[PDB]
There are 2 protein chains.
Amino acid sequence: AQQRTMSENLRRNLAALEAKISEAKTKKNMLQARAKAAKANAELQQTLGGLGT
Amino acid sequence: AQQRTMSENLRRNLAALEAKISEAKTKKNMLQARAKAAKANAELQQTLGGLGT
Ligand SMILES: Nc1ncnc2c1ncn2[C@@H]1O[C@H](COP(=O)(O)OP(=O)(O)O)[C@@H](O)[C@H]1O
Ligand SMILES: Nc1ncnc2c1ncn2[C@@H]1O[C@H](COP(=O)(O)OP(=O)(O)O)[C@@H](O)[C@H]1O
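Within each chain the numbering goes from 1 in written sequence order, not necessarily matching the entry, and residues lacking coordinates are not shown. Chain A is the first chain written and ligand 1 is the first ligand written, with later ones labelled in order. Remember that the shown chains come from a larger assembly, so read each value as a statement about the shown part. Excluding hydrogens and water, the side-chain values take into account all heavy atoms of the structure.

So, the interface of chain A and chain B
Bring the parts together and some accessible area is lost; that lost area is often taken as the interface size.
Next up, step 1: Contacts between the two partners involve 8 residues from chain A and, on the opposite side, 7 residues from chain B.
Next up, step 2: Regarding the contact of chain A and chain B, the summed buried area is about 660 Å², with carbon and sulfur atoms giving 89% of it.
Next up, step 3: When two parts are brought into contact, each loses some accessible area as probed by a 1.4 Å sphere; the total of that loss over both is the buried area. Of all residues in chain A, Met 30, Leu 44 and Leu 48 of chain A bury the most surface against chain B, accounting for 51% of the area lost on that side.
Next up, step 4: Within the side of chain A that touches chain B, the residues separate by chemical class into 6 nonpolar, 1 polar and 1 charged. Residue contacts are defined here by distance: any two heavy atoms, one from each residue, within 4.5 Å place the two residues in contact. Each residue receives one of three labels: charged for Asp, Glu, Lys and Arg, nonpolar for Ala, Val, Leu, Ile, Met, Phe, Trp, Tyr, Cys and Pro, and polar for the others, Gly being one of them.

So, in structure tokens, the structure goes:
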């Protein structure tokens with residue numbers, strides 16, 4: 001009974017940990033994509049910008 | 001829902017980027033052609049020009 005309820009709490013912490021990691025992965029990747037969009041936009045600002053070469 | 005609407009915005013930026021690049025390619029090539037036309041015209045001004053050799 002003691003080992004079971006201890007384990008149940010540990011299991012709950014495990015579920016929470018997994019959910020947070022899943023969220024972090026999702027966020028990480030969208031940020032890489034958003035960073036790349038910004039980089040691409042900057043290069044278009046260069047080419048379709050002012051005067052230069 | 002959150003990831004979807006984020007992605008939709010990112011997708012819109014992607015479409016815009018692609019359109020601008022397409023325009024830049026079109027413009028680039030016509031300019032090379034116009035530059036070549038100018039060069040050719042200059043050589044005809046030379047040959048069918050004034051006096052020389
Ligand atoms: N004569 C120019 N006019 C505009 N931009 C130039 C010129 N020469 C170089 N640039 C480059 O283009 C960018 C123009 O600055 P930016 O702040 O992007 O324009 P804006 O303030 O109109 O958005 C600069 O980062 C600069 O490196
Ligand atoms: N005696 C000449 N008469 C006219 N052009 C000459 C003569 N000798 C050399 N040229 C060459 O031909 C060009 C004539 O100048 P250009 O401004 O093209 O003529 P226009 O002013 O009549 O259009 C010059 O770039 C020059 O290099």
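A few points about a nonpolar patch on the surface
Next up, step 1: A cluster of nonpolar side chains, contributed by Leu 14, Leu 17 and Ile 21 of chain A, occupies part of the molecular surface with about 280 Å² of accessible area.
Next up, step 2: Every helix listed is a DSSP run of H or I at least four residues long, and every strand listed is a run of E at least two residues long, numbered separately from the N terminus. Relative to the assigned elements, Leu 17 of chain A resides in helix α1 (residues 2–47). Here, patches come from residues exposed beyond 30% relative accessible area and free of salt bridges, joined within 9 Å for like charges and within 5 Å for nonpolar side chains (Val, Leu, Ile, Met, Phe, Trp, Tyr). We get accessible surface area from the Shrake-Rupley algorithm with a probe of 1.4 Å; when it comes to residues, only the shown protein chains can shield them. Note on definitions: salt bridges are taken to be side-chain nitrogens of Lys or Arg within 4 Å of carboxyl oxygens of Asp or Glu.

So, the packing of α1 of chain A against helix α1 (residues 2–47) of chain B
Next up, step 1: It is at 11 Å that the axes of α1 of chain A and α1 of chain B come closest, and there the two elements cross at 25°. Viewed along their axes, α1 of chain A and α1 of chain B adopt a mutual orientation that is roughly parallel. Crossing angle aside, the handedness with which α1 of chain A passes α1 of chain B is left-handed. On α1 of chain B, the residues that touch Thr 26, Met 30, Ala 33, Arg 34, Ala 37, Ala 40 and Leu 44 of chain A of α1 of chain A are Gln 3, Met 6, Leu 10, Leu 17, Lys 20 and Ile 21 of chain B.
Next up, step 2: Among the residues making up the contact of α1 of chain A with α1 of chain B, the classes are represented as 9 nonpolar, 2 polar and 2 charged. Structural elements are reduced to axes, namely lines fitted to C-alpha atoms, with helices fitted over the stretch in contact, and the angle between N-to-C directions of any two is expressed from 0 to 180 degrees. Note that the term roughly parallel is reserved for angles under 35 degrees, roughly antiparallel for angles over 145, roughly perpendicular for angles of 65 to 115, and oblique for everything else. In this scheme the crossing of two helices becomes right-handed for a clockwise turn of the near helix relative to the far one and left-handed for an anticlockwise turn of less than a right angle.

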